[PDB]
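Quick heads-up: it's one chain on its own, the form deposited in one PDB entry, in structure tokens.
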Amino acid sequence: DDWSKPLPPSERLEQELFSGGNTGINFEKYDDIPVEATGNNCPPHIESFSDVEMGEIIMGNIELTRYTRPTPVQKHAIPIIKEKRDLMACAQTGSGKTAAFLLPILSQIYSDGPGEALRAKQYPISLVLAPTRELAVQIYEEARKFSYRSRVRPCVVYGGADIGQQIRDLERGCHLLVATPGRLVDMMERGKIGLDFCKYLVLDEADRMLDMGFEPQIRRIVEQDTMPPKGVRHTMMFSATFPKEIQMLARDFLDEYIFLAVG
């Protein structure tokens, strides 16, 4: 199985996927706000998606999405993630975070394939935690656009919706899971999701996740189960504010990390 080689196109999927979606970005505000990175051996920022090699599947999906110039967050975060460096990014929803992490993560899954374990109940290769159904679904739809013609099947699960059908959807295959934290703990307790092969971990809107009381659930998913530890998994944490509790989560969860600040 070559994971770097596009699967055949489907007109209906292209129609469902590449018409009628939004980037979740405010380019007016955020193109003109500078980004700063600090840390050891910080990879240099890019000016174009072409400046790193994200491979055939992403470059075609980029053309179908009609994405052009990256936002400043994307210019700094994409090379960092592409180097497999952990990241703490103080960056707002609307600055361009989602693609900043999804493009290089998916790119790396494509050129590395699933791994020997999967090449041999669901064990996602990538996990993204989000505080809310709305952001979880935003991210899931972006993942769907950039996994078009790939073996990666994204899924999303959230609370306040029925666990039964989410289970039934997982059972159809899941390589990248977007989840709100309490719903994932339920799925783990029911034996539906395994974290043994999760090599890419993203916490989005981490400050809101903590404020809504999810820190116990997050520590259980990340620290007290089978998720590979830092230095093995690659971890990215995004937050619009940087209070003491986020700095603690950063220090606990990230390894030798670059810090990115918008403004």
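In this text, residue numbers run from 1 along the sequence as written.
Which fits the stretch between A120 and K121: none, 1 to 3, 4 to 9, or 10 or more deposited residues lacking coordinates?
A long stretch, 10 or more residues, is missing between them.
Tell me which stretch, 171-179 or 129-137, has the higher mean Cα B-factor listed in the entry.
So the stretch with the higher mean C-alpha B-factor is 171-179.
Look up the CA B-factors in the entry and say which stretch, 71-79 or 110-118, has the higher mean.
Taking the mean C-alpha B-factor of 110-118 and of 71-79, the larger value falls to 110-118.
Which is it among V157, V185, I105, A100: the one with the largest CA B-factor in the entry?
In the PDB entry, the greatest C-alpha B-factor among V157, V185, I105, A100 is found at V185.
Which third, lowest, middle or highest, does the CA B-factor of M59 fall in along this chain?
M59: CA B-factor falls in the highest third of its chain.
How does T235 rank on Cα B-factor within its chain, lowest, middle or highest third?
For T235, whose C-alpha B-factor we compare with every modelled residue in the chain, the answer is the lowest third.
Tell me, lowest, middle or highest third: where does the Cα B factor of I218 rank within its chain?
For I218, whose C-alpha B-factor we compare with every modelled residue in the chain, the answer is the middle third.
Against its chain's modelled residues, does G94's Cα B factor rank lowest, middle or highest third?
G94: CA B-factor falls in the lowest third of its chain.
Within this chain's modelled residues, let me know which third the CA B factor of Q224 belongs to: lowest, middle or highest.
Middle third, going by the recorded CA B-factors of the chain.
Unshown form deposited with a small molecule bound; subsequent notes refer to it.
Given that the partner is absent here, does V185 sit within 4.5 Å of the small molecule in the deposited complex, heavy atoms only?
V185: no, not in contact with the small molecule in the deposited complex.
Please determine whether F214 contacts the small molecule in the deposited complex, using a 4.5 Å cut-off between heavy atoms.
Close contact is absent here: in the deposited complex, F214 is far from the small molecule, nothing within 4.5 Å, heavy atoms only.
Is there any non-hydrogen atom of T98 lying within 4.5 Å of the small molecule in the deposited complex?
Output for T98 is yes: heavy atoms within 4.5 Å of the small molecule.
May I ask you to check whether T93 falls inside a 4.5 Å heavy atom distance of the small molecule in the deposited complex?
Judged by the heavy-atom cut-off of 4.5 Å, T93 is in contact with the small molecule in the deposited complex.
Within 4.5 Å, heavy atoms only, one stretch in 175-183, 108-116, 68-76, 159-167 touches the small molecule in the deposited complex. Which?
Of the options, only 68-76 has residues within 4.5 Å of the partner.
The small molecule in the deposited complex: within 4.5 Å of a heavy atom of each of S126, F242 and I246?
Zero of three within 4.5 Å in the deposited complex.
Exactly one of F49, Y200, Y30, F197 has a non-hydrogen atom within 4.5 Å of the small molecule in the deposited complex; which residue is it?
So the residue touching the small molecule in the deposited complex, by this definition, is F49.
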